[PDB]
Structure formats: C-alpha cells, structure tokens
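Have a look at the structure below before the remarks.
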Amino acid sequence: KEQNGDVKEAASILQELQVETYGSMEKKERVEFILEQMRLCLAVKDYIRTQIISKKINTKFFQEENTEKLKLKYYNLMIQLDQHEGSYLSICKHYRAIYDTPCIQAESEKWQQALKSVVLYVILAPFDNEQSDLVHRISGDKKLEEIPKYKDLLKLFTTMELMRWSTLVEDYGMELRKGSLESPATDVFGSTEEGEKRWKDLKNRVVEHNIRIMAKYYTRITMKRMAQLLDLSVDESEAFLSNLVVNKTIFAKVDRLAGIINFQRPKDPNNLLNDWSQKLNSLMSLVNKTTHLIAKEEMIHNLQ
Amino acid sequence: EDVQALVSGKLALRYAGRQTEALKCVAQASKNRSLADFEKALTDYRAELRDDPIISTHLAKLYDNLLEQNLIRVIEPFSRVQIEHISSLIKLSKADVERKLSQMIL
Amino acid sequence: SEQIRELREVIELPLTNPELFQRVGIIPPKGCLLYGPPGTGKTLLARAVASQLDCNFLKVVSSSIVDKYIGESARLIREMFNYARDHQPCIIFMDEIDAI
Amino acid sequence: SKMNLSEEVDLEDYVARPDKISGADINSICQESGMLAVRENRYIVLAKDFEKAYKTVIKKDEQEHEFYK
Amino acid sequence: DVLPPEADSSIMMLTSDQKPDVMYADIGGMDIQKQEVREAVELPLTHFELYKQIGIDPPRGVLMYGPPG
Amino acid sequence: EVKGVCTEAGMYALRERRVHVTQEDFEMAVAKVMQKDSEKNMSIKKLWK
Ligand SMILES: Nc1ncnc2c1ncn2[C@@H]1O[C@H](COP(=O)(O)OP(=O)(O)O)[C@@H](O)[C@H]1O
C-alpha cells in the first residue's frame, strides 16, 4: 500500500506467502492473510495460480460465527474467479452458501439481492439432473414470492408454459430501469460486455429449452415453422440443430431438400410388434379386473 | 505445433530458407484443418514439395485422409442432403466430392 | 520444531492437491523415512501429523504380512485396504518397518 | 509426452551428454524435476530446476575411499 | 452334480482386469527386441498356422539379460 | 542343437513372409546357435600357459 499495489507488489507477496505457514498458521489471521494475495493475482489477471492458493482455504470453515463482515464476503471475489469461463452452476451453489449470513444479519436489501442474484442464472447453467433437482429445492420457498421472478422460475418449469422469446423481452424491460432494488439484474444482464455474452447465452438457454419439448410432442416438424417458433433464421436453426446432434444430446435427423425434419426413434420390426402384444396383454388383463368388479357390484345390490 | 518449434531452434536457423517455409504453411493448414488452405499452400510452392523425392506420396496420403476426416463430421445432422450444399460446407468443387463419395460407398 | 513441518507439507500438499499432479503429471510422492533412535520420536510425532484431519493411524506391525509365500501377502496387502477404502486419504501408520 | 513441460528449454542438451545413464534413472530425472517445481509452488516446470535434478541423480560415485583408483 | 472347480490356493494369475497397467507403445525404442520377443510368444499364440505352414515347432523359452534397469 | 539350427533357419523365412529356405539361411543360423565362452582379459590364460 505504499504505491497501492501493482505487478511488483503481487510478486512481493507471492514470494513471502508460506513463510508464516513456516511459522504457524493462525486459525484466523493466517487465513485472513493467505486469502488476500489472490485478489492481487486477479489484478495481474492470474487465474490458474489463483485457484491453487484458494484451495488451501477450504478446510478452515465455520469461523464465520465470530466473523461479522469478512468471512463469507471475501468469497464474493471467489465468484470473480469462476466468473471467467463458464461455471454457472457452481456459483449458484456458491450463492446458496453465502445465502445464510444476510439472513443471520437480518437485512432486507443485501439479503434480498442475494435472492435476486441466485434466481437469475440457475437458468444459465446447462441442463442436467443437477439443475433439475436444484430448481426443485429452491422452489417452494417462503421467501421467493417477494420478487416477480417467481413467475420466471415457474415459466421455466416444463411443457413450454406457452412461451416466446419476444414475450420474454417484454417481461424484461424492468431489469435495467425499475424494481424494488433492481441491482443484480443490472449487474448480471445490464452490463455492457459481460451482459452481452449473457444476452446471447440467455437466448441460447431458451432455444435449448424449446428443442426438448419439441422432441417430446412432435413426430415431424417443418423447417419454416421451427424457424418462426425459435424467433430466428432457418440457417441459424440449422447450426443449432447441428451442434446438438453431434453433441448426441438430442436425437434428431433432418431432410433438407424438402425441409421436413423428424423426431422419430429409429424403427425396428420386433419392437413395434412387441408393442402390440403389450397393449393386448394389458387389454385382456384389465377386462378381467373389470368383470371381477362388476360381478361384485351386481352381487351387493341384488341382495340390497 | 512442434514443427515451428524445431525451425526456430538454433541449429535449424543455420539452414533456413524456402523449403522450411513450405512446411510451415503446410503445418498451419493441417493445424487449422482447412482443406483449400492446404491446396493453396501446395499450389504456391510447386518445385518445393509437389515433386516427390519421397514426400509428395506421403502428402497425398495425408490429404486424402483429410477429406473423409472432414467429410464424416458433416453427415450426422441429416438423413438426406443435396450435394451442392455439402460442397458449400466443405468449400470445394462438387465433381471431386462425387468421385470421393463414390469411393467411400465402394 | 523443524521436523513438525518438514514432514507436514510433504504429506499435506500431495493429498490436499492432486490437481497439480496433472498440471505436470506424476502421482509418486510416497512419504519420508523417519530414522534415528527409538526415543519418543517414532510414536509421538506421528501424532503431530495427526493435528489436521489425519486420524486413521490403525497400525502396521511389520510382521503379519511378511509370511513367506507372497500369494497370501498380496491378499494381506488388500486386507488392510478394506478399511482404507472406507475413506479419503486414510493414513496407514506403520510401525517397525524394518524389525524382525 | 505425458508430462506438461511447456517451455523453450531444449532437452537434447542432455541427449548429447556422456555419463551413460541406465533407463530407470531417466525416469528418475523427469519425476524429480516434477517435484522440484511443485514443491516450490509452480503450476508448470520452468526447467531451471531440470539442471539440478540432472546433477542430483548422476552423483553415484559414493565414496571409493580415493583408493585403488 | 459337479461344482465348477477353483484350483485356488497359490494364486499369482494376473488376470481379471488387473494384469496390464501399460500399453505396447510405452517402451521407448527397443525395436529390435520388441520385435524379437513378439516372435516367440505373441506370434505363435495367434498365427499358429504360419509355423505349421513350414514345420518350425516354434521356440519354447527366451532368456533375457542385461544391466539392472 | 541341430534342432536349434533347423528352427532358426526356418525362422528367417518367417520374418520375410516366405516359405522358401535356402542354404544361406542355414549358414547364418550356424553362427547364431553356436557360441563360445568368450574368456576375456587373457591374463587368466597366460597365468595358466
Ligand atoms: N526403454 C525404456 N522405456 C520406457 N521406460 C523405461 C525404459 N527403461 C526403463 N524404463 C523405466 O525404468 C524402470 C525399470 O524397471 P525394470 O524393467 O523393473 O528394471 P530392470 O530393467 O532392472 O528390470 C521401469 O519402471 C520403466 O518405467
């Protein structure tokens, strides 16, 4: 803090880190010193070194009981480390970890924006079983209905919720302008260059939402109707269906001389014929349970 | 990538010249997997490396390998396509695509 | 005081950080040789390594595995790993490595 | 090959050396320089340690008492 | 009934997904010797018809020797 | 060790993907099978002349 930090003072502290570890780590102040150098490493834009010296921290937890404003507020720089590439599900697990202390510290603006910041981009994680049950954990909250993004998490449940991306734009004029406190929506999406990557990603997540429900409820679908149901061009639709099928995460196969694509499973002789016997066996068994039941109701009432 | 690492070495700088630059742009074309870039680098340097002391036979093996390595990646989205688009995705003429694809089924 | 710690991070840093063992790639750091007197050093500074996590301990007498045909001894290797599989880095305390 | 070296420090300066090395001790050199960077908290070999790991394992002359040559 | 036998007393049989821990191209440049051991063991095990094509009676044992390492 | 000549001479044709065995295949196999003790340093020999 003589010259208030530069490349040299980050090098001046990284050369003197473990000499205290070499004297005797202090339950608290040694942890408070061994955290401080990696925000200097972020000032020199170092990320691989940052997470190595951050992994020393993880075993010294549960000292936020005696710590008011320091322990789970330095980890707001640890999401800046995972801000870098893509790790969106991990920093929504992080927001539920720092969710607790502003509920201990009973605030209604710092804690409310913790609800705001966590509910924004659980969506922006790619779809998994881990996303599917995490939204089933964080829904049903007694605190989530303070915010009109309870509607949004309801809108991304399942079965399309009859959606449209232009209607999502008209639901989200407020994220820049008004709201109760409004600040993480300007932080996440209202930013210039980090928001715009998240702008294209939120467009990417909603079109990824619409491919799965089309595979559920359609035998075939034409090329022109899929383009107007995804609010974009036919060629950009061809690029989106290409890198998903070579990702082998959605089964589809197109036919582009005529434009008709299909979502059918690959047909085989015996499995189709295995289905006719299965409907038949369920048919014959159910009428046995039916006739057994109408024989009883005939028997009871005939006696009255 | 190690091709550029050798020719930047201090012993290879003694014998620098044209033919080492011929293999650098071939290395970059095989690095980017760009098909016509390899064809352009072959066309720009004739007496360097389309002569076959013992390398142009091996380059033809690497080029004919690079066709179907590019061609298998662009079949999976469809069951059925017309071939002027698959010439457009590969950025090449269509007649050599016909003779190459006919070799693949045979 | 010099040997509380010289043994500490030569064990701690490989078990806590296996990710650096793919940033260059070698699995290999398998521990130091504590040699000298009997004293109290063999039994007491083993409990100094027990200061963080550690625990495990168990015991290696260096005698029940040393049976002559090693078809049994290789099973007597993996017999002790039936509890060492039950955790994270288990710490097999091993007494009298070289004593018959 | 199966080791992230990632430098411009050429290894063939140790190919061209005499003091013939048994094939097991080549394995000791590359693993020692792996220790001699990670223990100093480096996420990559910088190959200024690679000189020291080479000079370490080559010293097996022991004592010989400076006697009977 | 006859149970499936075990022959299970002194087992040193590296099998049941425990043998390999290495591929064939891991060894660096024993090319005269990788070719020679393969002729006596790996080749008569699979292509046994080549020896019967000539009447060779393929060799029984191989002795390797050298410095330790 | 006549068999060792017969096996190693036919082994030379195996690495050539050949079934034909010439007289040259045997004469190379004689020097391969037949060896010596190769008593080195000669001081043992001339201590014991
Ligand atoms: N030519 C080689 N290629 C690859 N690794 C080798 C080579 N020579 C030795 N090594 C390594 O050195 C060690 C020597 O082990 P080993 O073969 O048991 O020694 P010895 O040759 O005395 O039997 C092996 O673990 C191996 O990984």
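Letters A, B, ... mark the chains of the structure tokens in the order given; residue numbers begin at 1 per chain; ligand numbers begin at 1, in order shown.
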List the spatial neighbours of residue 24 of chain F as a PDB file with N, CA, C and O atoms, in the first residue's frame - criterion: any atom at most 12 Å away, only C-alpha atoms, same-chain residues fewer than 5 positions off excluded.
```pdb
ATOM      1  N   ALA F   9      16.759 -71.410 -38.804  1.00  0.00           N
ATOM      2  CA  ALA F   9      16.836 -71.226 -40.250  1.00  0.00           C
ATOM      3  C   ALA F   9      15.454 -71.023 -40.846  1.00  0.00           C
ATOM      4  O   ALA F   9      15.263 -70.156 -41.706  1.00  0.00           O
ATOM      5  N   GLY F  10      14.472 -71.804 -40.393  1.00  0.00           N
ATOM      6  CA  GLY F  10      13.102 -71.581 -40.811  1.00  0.00           C
ATOM      7  C   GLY F  10      12.493 -70.326 -40.231  1.00  0.00           C
ATOM      8  O   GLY F  10      11.494 -69.830 -40.761  1.00  0.00           O
ATOM      9  N   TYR F  12      14.075 -67.445 -40.165  1.00  0.00           N
ATOM     10  CA  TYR F  12      14.474 -66.378 -41.078  1.00  0.00           C
ATOM     11  C   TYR F  12      13.482 -66.213 -42.219  1.00  0.00           C
ATOM     12  O   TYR F  12      13.255 -65.092 -42.686  1.00  0.00           O
ATOM     13  N   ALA F  13      12.881 -67.310 -42.671  1.00  0.00           N
ATOM     14  CA  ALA F  13      11.853 -67.212 -43.694  1.00  0.00           C
ATOM     15  C   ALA F  13      10.547 -66.658 -43.145  1.00  0.00           C
ATOM     16  O   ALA F  13       9.770 -66.079 -43.910  1.00  0.00           O
ATOM     17  N   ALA F  29      22.368 -69.327 -39.565  1.00  0.00           N
ATOM     18  CA  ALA F  29      21.862 -69.940 -38.345  1.00  0.00           C
ATOM     19  C   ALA F  29      22.917 -70.752 -37.609  1.00  0.00           C
ATOM     20  O   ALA F  29      22.733 -71.047 -36.426  1.00  0.00           O
ATOM     21  N   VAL F  30      24.005 -71.132 -38.285  1.00  0.00           N
ATOM     22  CA  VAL F  30      25.090 -71.834 -37.608  1.00  0.00           C
ATOM     23  C   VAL F  30      25.806 -70.901 -36.642  1.00  0.00           C
ATOM     24  O   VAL F  30      26.065 -71.260 -35.486  1.00  0.00           O
ATOM     25  N   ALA F  31      26.102 -69.679 -37.084  1.00  0.00           N
ATOM     26  CA  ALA F  31      26.786 -68.721 -36.225  1.00  0.00           C
ATOM     27  C   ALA F  31      25.882 -68.205 -35.113  1.00  0.00           C
ATOM     28  O   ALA F  31      26.377 -67.724 -34.089  1.00  0.00           O
TER      29      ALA F  31
END
```
Which residues of chain D sit at most 6 Å from ligand 1, using only C-alpha atoms and all ligand atoms? Give each one's shortest atom pair and distance in Å (one decimal place), in chain and ascending residue order, as JSON lines.
```
{"residue": "D:23", "atom": "CA", "partner": "ligand 1", "partner_atom_place_in_ligand_line": "8 (N)", "distance": 3.9}
{"residue": "D:24", "atom": "CA", "partner": "ligand 1", "partner_atom_place_in_ligand_line": "12 (O)", "distance": 3.3}
{"residue": "D:27", "atom": "CA", "partner": "ligand 1", "partner_atom_place_in_ligand_line": "11 (C)", "distance": 5.7}
```
For segment 43-58 of chain E, work out the shell of residues within 12 Å, counting only C-alpha atoms and skipping chain neighbours fewer than 5 positions away, then give it as a VMD selection string.
(chain E and resid 34 to 38) or (chain F and resid 3 to 21)
Please identify all polymer residues within 12 Å of segment 75-82 of chain C, counting only C-alpha atoms, omitting same-chain residues fewer than 2 positions from it, and present them as a PyMOL selection string.
(chain C and resi 56-73+84-94) or (chain E and resi 9-12)
Once DSSP has gone over the backbone, tell me which residues of segment 62-93 of chain C are in helix (DSSP H, G or I), as a ChimeraX atom specification.
/C:70-84
Just to confirm, what's the straight-line distance from atom CA of residue 60 of chain D to atom CA of residue 15 of chain D in Å (one decimal)?
19.2 Å
With 12 Å as the limit and counting only C-alpha atoms, what residues in chain D lie close to chain E? Please list them as a ChimeraX atom specification.
/D:1-2,21-28
Resulting file, chosen residues, N, CA, C and O atoms, as a PDB file, in the first residue's frame:
```pdb
ATOM      1  N   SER D   1       6.242 -36.719 -23.128  1.00  0.00           N
ATOM      2  CA  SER D   1       4.990 -36.618 -23.871  1.00  0.00           C
ATOM      3  C   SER D   1       3.808 -36.559 -22.919  1.00  0.00           C
ATOM      4  O   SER D   1       2.943 -35.685 -23.034  1.00  0.00           O
ATOM      5  N   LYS D   2       3.763 -37.479 -21.963  1.00  0.00           N
ATOM      6  CA  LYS D   2       2.717 -37.495 -20.945  1.00  0.00           C
ATOM      7  C   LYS D   2       3.173 -36.712 -19.713  1.00  0.00           C
ATOM      8  O   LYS D   2       3.143 -37.172 -18.573  1.00  0.00           O
ATOM      9  N   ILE D  21      23.539 -43.234 -18.774  1.00  0.00           N
ATOM     10  CA  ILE D  21      22.517 -43.334 -17.742  1.00  0.00           C
ATOM     11  C   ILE D  21      21.691 -44.582 -18.002  1.00  0.00           C
ATOM     12  O   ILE D  21      21.265 -44.820 -19.134  1.00  0.00           O
ATOM     13  N   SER D  22      21.458 -45.373 -16.960  1.00  0.00           N
ATOM     14  CA  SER D  22      20.559 -46.510 -17.075  1.00  0.00           C
ATOM     15  C   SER D  22      19.125 -46.027 -17.256  1.00  0.00           C
ATOM     16  O   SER D  22      18.743 -44.968 -16.750  1.00  0.00           O
ATOM     17  N   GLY D  23      18.327 -46.832 -17.965  1.00  0.00           N
ATOM     18  CA  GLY D  23      16.979 -46.449 -18.365  1.00  0.00           C
ATOM     19  C   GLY D  23      16.018 -46.201 -17.221  1.00  0.00           C
ATOM     20  O   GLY D  23      15.031 -45.479 -17.400  1.00  0.00           O
ATOM     21  N   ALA D  24      16.287 -46.773 -16.049  1.00  0.00           N
ATOM     22  CA  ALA D  24      15.463 -46.477 -14.888  1.00  0.00           C
ATOM     23  C   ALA D  24      15.740 -45.083 -14.348  1.00  0.00           C
ATOM     24  O   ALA D  24      14.847 -44.452 -13.773  1.00  0.00           O
ATOM     25  N   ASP D  25      16.958 -44.581 -14.529  1.00  0.00           N
ATOM     26  CA  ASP D  25      17.304 -43.286 -13.966  1.00  0.00           C
ATOM     27  C   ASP D  25      16.848 -42.122 -14.835  1.00  0.00           C
ATOM     28  O   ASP D  25      16.785 -40.993 -14.339  1.00  0.00           O
ATOM     29  N   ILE D  26      16.553 -42.367 -16.116  1.00  0.00           N
ATOM     30  CA  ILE D  26      15.847 -41.375 -16.925  1.00  0.00           C
ATOM     31  C   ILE D  26      14.476 -41.087 -16.327  1.00  0.00           C
ATOM     32  O   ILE D  26      14.048 -39.926 -16.233  1.00  0.00           O
ATOM     33  N   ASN D  27      13.790 -42.138 -15.870  1.00  0.00           N
ATOM     34  CA  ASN D  27      12.504 -41.983 -15.201  1.00  0.00           C
ATOM     35  C   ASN D  27      12.644 -41.205 -13.900  1.00  0.00           C
ATOM     36  O   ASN D  27      11.722 -40.488 -13.500  1.00  0.00           O
ATOM     37  N   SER D  28      13.801 -41.304 -13.244  1.00  0.00           N
ATOM     38  CA  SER D  28      14.010 -40.560 -12.010  1.00  0.00           C
ATOM     39  C   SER D  28      14.224 -39.075 -12.271  1.00  0.00           C
ATOM     40  O   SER D  28      13.878 -38.251 -11.421  1.00  0.00           O
TER      41      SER D  28
END
```
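Residues in contact with residue 8 of chain A at 12 Å, where only C-alpha atoms are counted and same-chain residues fewer than 6 positions away are skipped, are listed as residues 1, 2, 14, 15, 40, 41, 43 and 44 of chain A.
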Could you take the residues named above and write them with N, CA and C atoms, as a PDB file, in the first residue's frame?
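Below is the file that was written, selection-v4.pdb:
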```
ATOM      1  N   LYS A   1       0.799  -1.215   0.000  1.00  0.00           N
ATOM      2  CA  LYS A   1       0.000   0.000   0.000  1.00  0.00           C
ATOM      3  C   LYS A   1       0.838   1.275   0.000  1.00  0.00           C
ATOM      4  N   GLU A   2       2.158   1.179  -0.182  1.00  0.00           N
ATOM      5  CA  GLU A   2       2.963   2.360  -0.465  1.00  0.00           C
ATOM      6  C   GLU A   2       2.557   2.962  -1.804  1.00  0.00           C
ATOM      7  N   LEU A  14       3.625 -12.931  -3.169  1.00  0.00           N
ATOM      8  CA  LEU A  14       3.631 -14.347  -3.533  1.00  0.00           C
ATOM      9  C   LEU A  14       4.945 -15.027  -3.169  1.00  0.00           C
ATOM     10  N   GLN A  15       6.036 -14.268  -3.093  1.00  0.00           N
ATOM     11  CA  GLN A  15       7.311 -14.822  -2.661  1.00  0.00           C
ATOM     12  C   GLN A  15       7.408 -14.971  -1.150  1.00  0.00           C
ATOM     13  N   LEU A  40      -4.959  -9.659  -5.568  1.00  0.00           N
ATOM     14  CA  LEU A  40      -3.844  -9.053  -6.281  1.00  0.00           C
ATOM     15  C   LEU A  40      -3.498  -9.870  -7.515  1.00  0.00           C
ATOM     16  N   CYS A  41      -3.624 -11.199  -7.427  1.00  0.00           N
ATOM     17  CA  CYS A  41      -3.418 -12.050  -8.597  1.00  0.00           C
ATOM     18  C   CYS A  41      -4.489 -11.817  -9.655  1.00  0.00           C
ATOM     19  N   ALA A  43      -5.713  -8.835 -10.048  1.00  0.00           N
ATOM     20  CA  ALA A  43      -5.289  -7.557 -10.609  1.00  0.00           C
ATOM     21  C   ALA A  43      -4.201  -7.746 -11.659  1.00  0.00           C
ATOM     22  N   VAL A  44      -3.361  -8.772 -11.517  1.00  0.00           N
ATOM     23  CA  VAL A  44      -2.422  -9.148 -12.572  1.00  0.00           C
ATOM     24  C   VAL A  44      -3.071 -10.147 -13.542  1.00  0.00           C
TER      25      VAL A  44
END
```
Leaving out residue 211 of chain A and any residue of its chain fewer than 2 positions from it, which residues lie within 10 Å of it when counting only C-alpha atoms, given as number ranges by chain?
A: 206-209, 213-216, 226, 230, 240-241, 244, 250
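One distance worth recording is that between atom CA of residue 103 of chain B and atom CA of residue 254 of chain A, which is 24.4 Å.
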Contacts between chain D and chain C, please, where a residue of chain C counts if it comes within 6 Å (with only C-alpha atoms); show its shortest atom pair and distance in Å to one decimal, rows by chain and ascending number, as CSV.
```
residue,atom,partner,partner_atom,distance
C:23,CA,D:43,CA,5.9
C:24,CA,D:4,CA,4.6
C:25,CA,D:3,CA,5.4
```
Backbone-only DSSP, strand (DSSP E) members of segment 62-269 of chain A, as a VMD selection string:
chain A and resid 220 to 221 254 to 255 261 to 262
Within 12 Å of residue 12 of chain C, counting only C-alpha atoms, which residues show up once you throw out same-chain ones fewer than 3 positions away? Write them as a PyMOL selection string, please.
(chain A and resi 56+59) or (chain C and resi 5-9+15-18+29-31+49-54+89+91) or (chain D and resi 39)
So how far away is atom CA of residue 13 of chain D from atom CA of residue 20 of chain B, in Å?
23.1 Å
Taking only C-alpha atoms into account, what are the residues of chain A at most 12 Å from chain D, put as a list in words?
residues 14, 15, 16, 17, 18, 46, 47, 48, 49, 50, 51, 52 and 53 of chain A
